There are 2 protein chains.
Amino acid sequence: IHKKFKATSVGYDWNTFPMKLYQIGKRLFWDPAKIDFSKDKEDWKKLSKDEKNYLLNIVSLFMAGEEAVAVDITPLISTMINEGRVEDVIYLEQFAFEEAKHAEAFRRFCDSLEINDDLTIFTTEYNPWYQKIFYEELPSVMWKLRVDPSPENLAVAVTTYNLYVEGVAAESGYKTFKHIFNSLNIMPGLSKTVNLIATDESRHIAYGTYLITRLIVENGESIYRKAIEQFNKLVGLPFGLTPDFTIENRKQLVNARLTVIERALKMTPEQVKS
Amino acid sequence: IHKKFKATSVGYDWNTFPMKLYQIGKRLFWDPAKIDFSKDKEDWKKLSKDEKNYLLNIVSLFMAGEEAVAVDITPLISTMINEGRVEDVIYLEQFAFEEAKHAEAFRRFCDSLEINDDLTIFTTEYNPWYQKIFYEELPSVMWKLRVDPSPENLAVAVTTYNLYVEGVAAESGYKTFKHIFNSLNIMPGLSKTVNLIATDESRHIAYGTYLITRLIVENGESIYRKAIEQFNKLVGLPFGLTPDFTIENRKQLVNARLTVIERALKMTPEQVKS
Ligand SMILES: [Fe+3]
Ligand SMILES: [Fe+3]
Ligand SMILES: [Mn+3]
Ligand SMILES: [Mn+3]
């Protein structure tokens with residue numbers, strides 16, 4: 001409709017959280033082209049058949065997700081347009097630029113390893129939980145904002161997107177990447193890639209926290225129940241990795257999100273919003 | 001719906017035009033924070049009352065537009081999601097990141113000049129053509145893709161967005177900025193800003209050309225008539241500037257777009273698409 005421009009009259013609120021993360025994003029901008037993968041292909045040929053299978057599996061998980069989160073961001077951006085929160089639109093529009101840049105980096109790392117075949121037999125067949133969330137849950141909750149931009153749908157969207165996918169699932173793979181790169185002294189180019197992607201996820205989960213906490217302070221009693229119901233619905237080895245350890249961290253990250261969610265309760269909207 | 005990921009199976013087409021501009025965008029990335037505005041405020045106090053009025057006017061025009069083009073990009077991105085063109089989604093999602101970064105740079109330049117008042121009395125009252133296009137035309141044609149993602153609406157959208165707004169209107173202000181900064185030796189910080197924004201518009205009009213030419217090669221007979229009807233509907237001093245000269249360039253840029261539009265006619269889809 002464009003009845004009034006928030007940049008001409010009221011201006012930009014530079015002290016807001018989505019704008020301060022918007023500064024750090026362009027302050028710590030990194031180019032995947034500068035990341036050299038010329039030695040990763042040598043370390044790829046020095047790994048066993050099973051270690052290459054699990055590494056290709058977890059890389060296929062992120063690369064599948066980086067594209068999905070880059071195209072499911074559209075209803076959240078359009079919802080913020082209908083909400084008039086241009087500052088959120090400015091970051092959420094960058095918040096996807098780092099996501100699309102992540103999908104490029106993994107595809108760059110895959111093409112650097114001569115990997116020219118299909119990786120769909122990793123996103124569905126080997127782990128159906130990754131099919132349930134990204135093929136069914138994430139498209140349903142995000143694109144529900146297109147037809148219903150209600151606050152309760154925003155909470156259901158952000159929890160299925162910034163809390164579990166980015167704060168729990170994406171971070172668990174980073175800790176999995178932490179024990180693969182540091183213990184074996186392999187994949188320095190992907191290590192530079194992950195350390196730059198994990199740095200982006202720091203601002204990604206930060207705004208996701210700010211968005212969900214903003215809903216638990218504007219509609220605390222109703223948003224919290226939907227944000228927890230959705231978070232309870234989502235939750236329902238080589239390289240020297242223990243299966244009881246990765247599950248411990250992903251449950252430790254799940255516990256790390258329940259704290260920051262309930263932290264928003266009984267908080268004044270002045271303490272987080274403007 | 002997320003029935004199939006274009007990044008897991010078929011992969012990314014790195015040789016396509018939206019991906020090659022996606023490389024240059026992150027290759028020539030510039031941070032508006034590094035641009036120093038400490039001497040622009042000194043040159044602002046050395047301009048007459050009318051020269052400051054026209055400079056603030058044309059700056060208020062871009063800053064108003066940079067926000068509008070950053071929030072009207074959402075239907076075009078969602079249309080490319082429904083079209084499955086993830087490569088276009090990757091650039092169009094960056095293509096807005098440079099736009100939101102432009103809206104920041106102008107607001108940074110305005111805040112650097114102590115300009116703390118409203119600029120709405122420049123986007124509507126002084127020039128109603130800027131009200132007709134950005135308050136009525138651009139929201140209508142872009143958000144018509146949300147309800148109707150037809151090829152004819154894409155042409156009407158891109159012409160009202162990448163052809164006249166970015167290729168003609170935005171470029172005319174750059175040529176206007178060309179005669180203001182070079183003839184008077186003023187505003188070096190904004191000169192660094194414009195030269196970096198005009199460099200971004202090079203990739204912006206390039207993809208806009210690629211998108212509209214792709215429609216004139218996939219549906220040449222129907223898209224061209226709508227792309228021209230819309231382009232004919234859109235078209236319907238201080239600093240040593242001549243009113244007959246800026247109109248000459250904006251008509252020269254209008255003529256520069258009719259050539260590249262009709263250039264797409266009688267061209268094989270193999271010559272531009274994949
Ligand atoms: Fe993220
Ligand atoms: Fe542009
Ligand atoms: Mn990511
Ligand atoms: Mn621009």
# chains A, B, ... in the order shown; residues from 1 in each chain; ligands from 1
$ interface_residues --of "chain A" --to "chain B" --cutoff "6 Å" --atoms "only C-alpha atoms" --output "PDB file with C-alpha atoms, in the first residue's frame"
ATOM      1  CA  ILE A   1       0.000   0.000   0.000  1.00  0.00           C
ATOM      2  CA  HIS A   2       2.902   2.314   0.922  1.00  0.00           C
ATOM      3  CA  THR A   8      11.289   9.593   5.484  1.00  0.00           C
ATOM      4  CA  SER A   9       9.298  10.577   8.580  1.00  0.00           C
ATOM      5  CA  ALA A  64      19.596 -28.607   2.404  1.00  0.00           C
ATOM      6  CA  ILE A  90      16.014  -4.519   7.144  1.00  0.00           C
ATOM      7  CA  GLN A  94      19.955  -9.387   5.552  1.00  0.00           C
ATOM      8  CA  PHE A  97      21.479 -12.910   2.821  1.00  0.00           C
ATOM      9  CA  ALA A 100      21.865 -17.778   1.044  1.00  0.00           C
ATOM     10  CA  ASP A 118      22.864 -36.094  -5.778  1.00  0.00           C
ATOM     11  CA  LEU A 119      22.641 -35.616  -2.012  1.00  0.00           C
ATOM     12  CA  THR A 120      18.878 -36.143  -1.626  1.00  0.00           C
ATOM     13  CA  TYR A 135       9.735 -30.653   4.164  1.00  0.00           C
ATOM     14  CA  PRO A 139       7.044 -24.794   5.186  1.00  0.00           C
TER      15      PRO A 139
END
$ residues_near_ligand --ligand "ligand 2" --cutoff "9 Å" --atoms "only C-alpha atoms and all ligand atoms" --output "number ranges by chain"
B: 66, 69, 95-96, 98-99, 102, 161-162, 165-167, 170, 197-198, 200-205
$ atom_distance --atom1 "CA of residue 40 in chain A" --atom2 "CA of residue 115 in chain A"
12.4 Å
$ residues_around --residues "residue 235 in chain B" --least-positions-apart "4" --cutoff "9 Å" --atoms "only C-alpha atoms" --output "list in words"
residues 164, 230, 231 and 254 of chain B
$ closest_residue --among "A:149, A:208, A:236, A:18" --to "ligand 1" --atoms "only C-alpha atoms and all ligand atoms"
A:208
$ closest_residue --among "A:62, A:37, A:17, A:54" --to "ligand 3" --atoms "only C-alpha atoms and all ligand atoms"
A:62
